[PDB]
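As stored in upload04.csv (CSV, C-alpha atoms):
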```csv
chain,number,residue,atom,x,y,z
A,1,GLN,CA,0.0,0.0,0.0
A,2,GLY,CA,1.4,3.3,1.1
A,3,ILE,CA,3.1,2.5,4.4
A,4,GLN,CA,4.9,-0.6,3.0
A,5,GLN,CA,6.0,1.1,-0.2
A,6,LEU,CA,7.4,4.2,1.6
A,7,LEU,CA,9.8,1.9,3.5
A,8,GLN,CA,11.1,0.5,0.2
A,9,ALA,CA,11.4,4.0,-1.2
A,10,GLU,CA,13.5,4.9,1.8
A,11,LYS,CA,15.5,1.8,1.1
A,12,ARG,CA,16.5,3.3,-2.3
A,13,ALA,CA,18.1,6.2,-0.3
A,14,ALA,CA,19.6,3.7,2.1
A,15,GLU,CA,21.8,2.4,-0.7
A,16,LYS,CA,22.6,6.1,-1.5
A,17,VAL,CA,24.3,6.2,1.8
A,18,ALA,CA,26.3,3.0,1.2
A,19,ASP,CA,27.4,4.4,-2.2
A,20,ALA,CA,28.5,7.5,-0.3
A,21,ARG,CA,30.8,5.2,1.7
A,22,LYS,CA,31.8,3.4,-1.5
A,23,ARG,CA,33.0,6.6,-3.0
A,24,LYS,CA,35.3,7.4,0.0
A,25,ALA,CA,36.6,3.9,0.7
A,26,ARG,CA,38.2,3.3,-2.7
A,27,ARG,CA,39.2,6.9,-3.4
A,28,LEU,CA,41.1,7.0,-0.1
A,29,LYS,CA,43.1,3.9,-1.2
A,30,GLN,CA,43.3,4.2,-5.0
A,31,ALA,CA,45.0,7.6,-4.6
A,32,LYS,CA,47.2,6.4,-1.7
A,33,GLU,CA,48.7,3.6,-3.8
A,34,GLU,CA,49.3,6.4,-6.3
A,35,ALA,CA,51.0,8.3,-3.5
A,36,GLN,CA,53.1,5.2,-2.8
A,37,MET,CA,54.0,4.6,-6.5
A,38,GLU,CA,55.3,8.2,-6.7
A,39,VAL,CA,58.6,6.8,-5.2
A,40,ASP,CA,59.5,5.8,-8.8
A,41,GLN,CA,60.2,9.5,-9.3
A,42,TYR,CA,62.3,9.3,-6.2
A,43,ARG,CA,64.0,6.2,-7.5
A,44,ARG,CA,64.6,8.2,-10.6
A,45,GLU,CA,66.1,10.9,-8.5
A,46,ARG,CA,68.5,8.5,-6.7
A,47,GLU,CA,69.4,7.1,-10.1
A,48,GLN,CA,70.0,10.7,-11.4
A,49,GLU,CA,72.1,11.5,-8.3
A,50,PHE,CA,74.2,8.4,-9.0
A,51,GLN,CA,75.1,10.0,-12.4
A,52,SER,CA,76.4,13.2,-11.0
A,53,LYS,CA,78.2,11.2,-8.3
A,54,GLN,CA,79.9,9.3,-11.1
B,1,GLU,CA,71.5,15.7,1.0
B,2,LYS,CA,73.4,13.1,3.1
B,3,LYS,CA,74.8,11.2,0.1
B,4,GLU,CA,75.9,14.3,-1.6
B,5,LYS,CA,77.4,16.0,1.4
B,6,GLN,CA,79.3,13.0,2.7
B,7,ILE,CA,80.8,12.4,-0.7
B,8,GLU,CA,81.9,16.0,-1.2
B,9,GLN,CA,83.5,16.1,2.3
B,10,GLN,CA,85.5,13.0,1.4
B,11,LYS,CA,86.2,14.2,-2.2
B,12,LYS,CA,87.8,17.3,-0.6
B,13,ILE,CA,89.8,15.2,1.8
B,14,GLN,CA,90.9,13.0,-1.1
B,15,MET,CA,92.3,16.0,-2.9
B,16,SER,CA,93.8,17.6,0.2
B,17,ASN,CA,95.7,14.4,1.1
B,18,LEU,CA,97.1,14.2,-2.4
B,19,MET,CA,98.6,17.7,-2.1
B,20,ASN,CA,99.7,16.8,1.4
B,21,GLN,CA,101.8,13.9,0.1
B,22,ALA,CA,103.1,16.2,-2.7
B,23,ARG,CA,104.4,18.7,-0.1
B,24,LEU,CA,106.2,16.0,1.8
B,25,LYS,CA,107.7,14.5,-1.3
B,26,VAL,CA,109.5,17.7,-2.4
B,27,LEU,CA,110.6,18.2,1.2
B,28,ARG,CA,112.0,14.7,1.4
B,29,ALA,CA,113.8,15.1,-1.9
B,30,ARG,CA,115.3,18.4,-0.5
B,31,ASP,CA,116.5,16.4,2.5
B,32,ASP,CA,118.3,13.9,0.3
B,33,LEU,CA,120.2,16.8,-1.4
B,34,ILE,CA,121.4,17.8,2.1
B,35,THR,CA,122.2,14.2,3.1
B,36,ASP,CA,124.5,13.4,0.1
B,37,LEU,CA,126.1,16.8,0.4
B,38,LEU,CA,126.8,16.0,4.0
B,39,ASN,CA,128.0,12.6,2.7
B,40,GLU,CA,130.2,14.2,0.1
B,41,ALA,CA,131.7,16.5,2.8
B,42,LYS,CA,132.5,13.3,4.8
B,43,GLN,CA,134.4,11.6,1.9
B,44,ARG,CA,136.3,14.8,1.1
B,45,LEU,CA,137.2,15.0,4.8
B,46,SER,CA,138.9,11.5,4.6
B,47,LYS,CA,141.2,12.8,1.9
B,48,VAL,CA,142.5,15.3,4.3
B,49,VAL,CA,143.4,12.3,6.5
B,50,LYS,CA,145.1,10.8,3.5
B,51,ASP,CA,148.0,13.3,3.1
B,52,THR,CA,150.2,13.7,6.1
B,53,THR,CA,151.4,17.3,6.1
B,54,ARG,CA,147.9,19.0,6.1
B,55,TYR,CA,146.5,16.4,8.5
B,56,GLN,CA,149.2,16.8,11.2
```
Step by step, read the file and then write its structure as structure tokens.
Amino acid sequence: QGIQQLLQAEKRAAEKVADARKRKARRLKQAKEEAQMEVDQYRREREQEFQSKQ
Amino acid sequence: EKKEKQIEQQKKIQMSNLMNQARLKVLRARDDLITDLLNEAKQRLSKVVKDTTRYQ
């Protein structure tokens, strides 16, 4: 009726809150692994500093 | 900044010890020119012992 359908229409927004946690759980980690793979520029800096040391 | 500074402090000490050994080598060669000159003065002093009129 109306009372049972309004709890399923609130359940559509209940998955809008779980998608709001899904957008902050991966983006905190997919960018942090990009902040840990940035050491390849630092390994390039140690390799470039081994050229001027040579 | 620790790899570059510890290398340049030892690169300066590598060059400074090279010119340190260069200063002592010309000084030691100068000492040999006084040693054989003193050695030559000792051999020429034995020739004064050889003749008898100048030695007595």
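When atom CA of residue A:32 is paired with atom CA of residue A:17, their separation reads 23.2 Å.
Across B:30, B:54, B:42, B:3, the tightest approach to chain A is made by B:3 when counting only C-alpha atoms.
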Problem set entry | chain B residues near chain A (12 Å cut-off, only C-alpha atoms) as number ranges by chain | B: 1-8, 11
Mind dumping the selected residues with C-alpha atoms as a PDB file, in the coordinates of the input?
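Output (part15.pdb):
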```pdb
ATOM      1  CA  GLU B   1      71.500  15.700   1.000  1.00  0.00           C
ATOM      2  CA  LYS B   2      73.400  13.100   3.100  1.00  0.00           C
ATOM      3  CA  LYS B   3      74.800  11.200   0.100  1.00  0.00           C
ATOM      4  CA  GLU B   4      75.900  14.300  -1.600  1.00  0.00           C
ATOM      5  CA  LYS B   5      77.400  16.000   1.400  1.00  0.00           C
ATOM      6  CA  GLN B   6      79.300  13.000   2.700  1.00  0.00           C
ATOM      7  CA  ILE B   7      80.800  12.400  -0.700  1.00  0.00           C
ATOM      8  CA  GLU B   8      81.900  16.000  -1.200  1.00  0.00           C
ATOM      9  CA  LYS B  11      86.200  14.200  -2.200  1.00  0.00           C
TER      10      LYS B  11
END
```
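Atom CA of residue B:27 lies 27.0 Å from atom CA of residue B:45.
Computed from the coordinates, the atom CA of residue B:14 to atom CA of residue A:44 distance equals 28.4 Å.
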Please rebuild stretch 14-38 of chain B with N, CA, C and O atoms and return the result as a short mmCIF file (atom, residue, chain, number, x, y, z; two decimals), keeping the file's coordinate frame.
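Output below, filename out.cif:
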```cif
data_model
loop_
_atom_site.label_atom_id
_atom_site.label_comp_id
_atom_site.auth_asym_id
_atom_site.auth_seq_id
_atom_site.Cartn_x
_atom_site.Cartn_y
_atom_site.Cartn_z
N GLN B 14 90.10 13.79 -0.16
CA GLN B 14 90.90 13.00 -1.10
C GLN B 14 91.89 13.86 -1.85
O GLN B 14 93.03 13.45 -2.10
N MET B 15 91.46 15.06 -2.24
CA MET B 15 92.30 16.00 -2.90
C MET B 15 93.34 16.63 -1.98
O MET B 15 94.50 16.85 -2.35
N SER B 16 92.91 16.92 -0.75
CA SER B 16 93.80 17.60 0.20
C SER B 16 94.89 16.65 0.70
O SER B 16 95.99 17.11 1.02
N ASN B 17 94.62 15.35 0.77
CA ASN B 17 95.70 14.40 1.10
C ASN B 17 96.62 14.15 -0.03
O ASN B 17 97.77 13.76 0.20
N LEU B 18 96.17 14.38 -1.27
CA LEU B 18 97.10 14.20 -2.40
C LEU B 18 98.10 15.35 -2.44
O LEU B 18 99.29 15.09 -2.67
N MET B 19 97.68 16.59 -2.20
CA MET B 19 98.60 17.70 -2.10
C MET B 19 99.42 17.68 -0.82
O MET B 19 100.47 18.33 -0.74
N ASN B 20 98.93 16.98 0.20
CA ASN B 20 99.70 16.80 1.40
C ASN B 20 100.91 15.90 1.17
O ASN B 20 102.02 16.20 1.61
N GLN B 21 100.70 14.80 0.44
CA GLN B 21 101.80 13.90 0.10
C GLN B 21 102.73 14.55 -0.94
O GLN B 21 103.91 14.17 -1.02
N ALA B 22 102.24 15.51 -1.73
CA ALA B 22 103.10 16.20 -2.70
C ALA B 22 104.02 17.19 -1.96
O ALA B 22 105.16 17.39 -2.39
N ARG B 23 103.54 17.82 -0.88
CA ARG B 23 104.40 18.70 -0.10
C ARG B 23 105.49 18.00 0.62
O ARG B 23 106.61 18.51 0.75
N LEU B 24 105.19 16.81 1.14
CA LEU B 24 106.20 16.00 1.80
C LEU B 24 107.19 15.38 0.88
O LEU B 24 108.30 15.05 1.30
N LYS B 25 106.81 15.16 -0.38
CA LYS B 25 107.70 14.50 -1.30
C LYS B 25 108.81 15.46 -1.79
O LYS B 25 109.97 15.04 -1.95
N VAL B 26 108.47 16.73 -2.03
CA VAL B 26 109.50 17.70 -2.40
C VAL B 26 110.35 18.07 -1.20
O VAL B 26 111.55 18.35 -1.33
N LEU B 27 109.78 18.01 0.01
CA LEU B 27 110.60 18.20 1.20
C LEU B 27 111.51 17.08 1.50
O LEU B 27 112.62 17.30 1.99
N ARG B 28 111.08 15.85 1.22
CA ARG B 28 112.00 14.70 1.40
C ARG B 28 113.03 14.61 0.38
O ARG B 28 114.13 14.11 0.65
N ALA B 29 112.74 15.07 -0.84
CA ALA B 29 113.80 15.10 -1.90
C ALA B 29 114.79 16.21 -1.59
O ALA B 29 115.97 16.06 -1.92
N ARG B 30 114.35 17.31 -0.96
CA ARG B 30 115.30 18.40 -0.50
C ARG B 30 116.15 17.89 0.60
O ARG B 30 117.29 18.35 0.72
N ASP B 31 115.66 16.98 1.44
CA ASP B 31 116.50 16.40 2.50
C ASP B 31 117.54 15.48 2.00
O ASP B 31 118.60 15.35 2.62
N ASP B 32 117.27 14.81 0.88
CA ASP B 32 118.30 13.90 0.30
C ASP B 32 119.40 14.73 -0.34
O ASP B 32 120.54 14.25 -0.38
N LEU B 33 119.12 15.94 -0.82
CA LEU B 33 120.20 16.80 -1.40
C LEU B 33 121.05 17.39 -0.29
O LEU B 33 122.16 17.85 -0.59
N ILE B 34 120.59 17.42 0.96
CA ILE B 34 121.40 17.80 2.10
C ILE B 34 122.19 16.59 2.62
O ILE B 34 123.32 16.72 3.11
N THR B 35 121.59 15.40 2.52
CA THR B 35 122.20 14.20 3.10
C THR B 35 123.43 13.79 2.25
O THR B 35 124.49 13.52 2.83
N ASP B 36 123.32 13.76 0.92
CA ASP B 36 124.50 13.40 0.10
C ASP B 36 125.53 14.50 0.07
O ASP B 36 126.71 14.20 -0.11
N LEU B 37 125.11 15.75 0.22
CA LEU B 37 126.10 16.80 0.40
C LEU B 37 126.84 16.71 1.68
O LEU B 37 128.05 16.97 1.72
N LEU B 38 126.16 16.31 2.75
CA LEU B 38 126.80 16.00 4.00
C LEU B 38 127.66 14.70 3.84
O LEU B 38 128.70 14.54 4.49
#
```
